[PDB]
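Report on the structure given below.
As a convention, Cβ positions derive from the backbone with ideal geometry for all residues, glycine included, and neighbour counts pool all protein chains shown. No lab work stands behind these numbers, since they all come straight from the coordinates.
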Amino acid sequence: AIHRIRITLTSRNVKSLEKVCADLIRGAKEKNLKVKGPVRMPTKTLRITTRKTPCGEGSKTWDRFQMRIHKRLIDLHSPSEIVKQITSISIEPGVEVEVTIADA
Amino acid sequence: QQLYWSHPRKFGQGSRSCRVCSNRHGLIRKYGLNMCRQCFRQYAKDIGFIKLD
Amino acid sequence: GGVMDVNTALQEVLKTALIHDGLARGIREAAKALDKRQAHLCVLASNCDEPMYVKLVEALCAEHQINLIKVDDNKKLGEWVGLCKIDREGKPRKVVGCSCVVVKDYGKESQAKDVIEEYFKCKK
Amino acid sequence: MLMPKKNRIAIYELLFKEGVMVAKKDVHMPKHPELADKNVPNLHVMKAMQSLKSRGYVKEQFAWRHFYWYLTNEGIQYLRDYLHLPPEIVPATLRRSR
Amino acid sequence: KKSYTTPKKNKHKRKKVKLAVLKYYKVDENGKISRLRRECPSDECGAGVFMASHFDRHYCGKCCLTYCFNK
């Protein structure tokens, strides 16, 4: 029998996640799996602010470091046997992919 | 060999030290880094942090 | 020529028992190895340093079973047992005397080379 | 004493079987992890491997609070003797890669 | 970071006394044995190992944190 089944993707880099996500939509659409489009969650920013000096001398300058994380969701209407097929191609770049057997 | 050869170290600056160089001053506990501030500026690019602003 | 001579019970089984750590060496180890029921074979040198133990170690075998073989050269069984390594054993920084030895485990079995004392317990 | 002979054999047998050793630079933790369970501290591992290095029987490396040790041909010869193993054994690494 | 000013109750370590090996057994007749000092009532230490005699106590040197009798 079929299920409603959910895939989530995560990365730092945006434009590799775009090409990964677009290929998951094509492989589902050509096989009529009635895919629900990519939900963009809010972006997450990590920040660290430090003195530049190793020793505490000089005029008081600071460094401002950050990291950004990007997250997406797609939902499918399909058997548990065929998400295992389409969730295995174009996934070569540094993107996390995770899937759960019921969430809809 | 002695039976009393240590004192409690379950909190404060006695508990924690840098993962790269074993120093105790100016370390970063944020996001689970546990590096010294001088060791962080050295490895920030390899960890994946950048500056833009 | 010849075969199965009594030195087999004093060198070849004894050197094989050391590879398995089976030996108790010298008086207090030997006495403790007789009191706990572990002893299987015993070896005893000539009178050196103290005449009294010559009565004691024989009497401690009479309190159990007389698995006792005699070689009077106090240097020799100390030389035979004298190092655990494969090679270069005979350096003068070791080669100590050893007045008595007792075996707990006799080690790996071969060619009935251990059975001399099991024959002597019926032949003597 | 440095350590009981029961401990010293258990370090050397694990080193000869696996071909390598790893430990952190901390003398205070009560047990070394992995097959050095059944009671030996990592202080005994550091002190044992130091004594094996100054004889030329292992190589040493260090990064970020960890030691790394590798066994070498003179050390294989010495440990096969000390552990009384058959002369034909080489249990750690043998098969040629492709 | 200074020159050192010395203490005056000086020892390096104590000296451990030297004695001959065994006096806990006696031969009384040909084939007759006596044990002069007793084993402690115990699991591992139940044979071949002896309690000391002091002027008012019997003590096990192996079970050294305990196994003391007050006579």
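Structure values in brief
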item: Among the listed pairs E:11/E:71; C:70/C:121; E:11/E:62; C:108/D:59, those beyond 25 Å (Cα-Cα); result: E:11/E:71; E:11/E:62; C:108/D:59
item: Contact order normalised by residue count of the range D:1-96, Cα under 8 Å, 6+ apart, percent; result: 31
item: GNM top mover of D:14, D:43, D:85 - chain D, alpha-carbon springs below 10 Å; result: D:85
item: Ellipticity estimate at 222 nm from DSSP helix runs (n ≥ 4, -39,500 (n - 2.57)) divided over chain A, nearest 500; result: -5500 deg cm²/dmol
item: Neighbour-count ranking [beta-carbon atoms within 10 angstrom, fewest first] of B:40, E:55, D:67; result: E:55, D:67, B:40
item: Where the Cα pairs of chain A fall when distances are cut into 10 Å bins, in %; result: 13, 38, 21, 11, 9, 6, 2, 0
item: Shape category assigned to chain C from the gyration tensor of Cα positions, a/c cut at 1.5; result: rounded
item: Contact order relative to length of chain A, as percent, for alpha carbon pairs under 8 angstrom and 6 or more apart; result: 51
item: Per-residue [θ]222 nm for chain C (sum of -39500 (n - 2.57) over DSSP H runs n ≥ 4, rounded to 500); result: -9500 deg cm²/dmol
item: For C:84, E:60, order by how many other beta-carbon atoms lie within 10 Å, fewest first; result: C:84, E:60
item: Gap separating the Cα centres of the range C:15-30 and the range B:1-51, nearest whole Å; result: 52
item: About the Cα centre, charge dipole magnitude for chain B (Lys/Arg +1, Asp/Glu -1 at Cβ), debye; result: 100
item: C-alpha long axis of helix A:14-29 to longest principal axis of chain A, angle in °; result: 10
item: Shielding by partners - mean other protein chain Cβ count within 10 Å, residues of E:20-27; result: 5
item: Compactness of chain B - radius of gyration and Dmax, Cα, Å; result: 15.3, 57
item: With Cα atoms, 0 to 90° folded angle of helix D:42-53 axis to chain D main axis; result: 40
item: Chain C: most fluctuating residue of C:56, C:34, C:23 per GNM, C-alpha cutoff 10 Å; result: C:56
item: On Cα atoms only, tilt of B:37-47 relative to the major axis of chain B in degrees; result: 50
item: Residue-by-residue Karplus 3J(HN,Hα) for the range A:83-92, coefficients 6.51, -1.76, 1.60, Hz, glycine and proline x; result: 4, 5, 6, 5, 7, 9, 10, 6, 7, 3
item: Cross-link reach list, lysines versus residue A:15, counting only Cα pairs under 27 Å and skipping chain neighbours closer than eight places; result: A:29, A:31, A:34, A:36, A:44, A:71, A:84, B:45, B:51
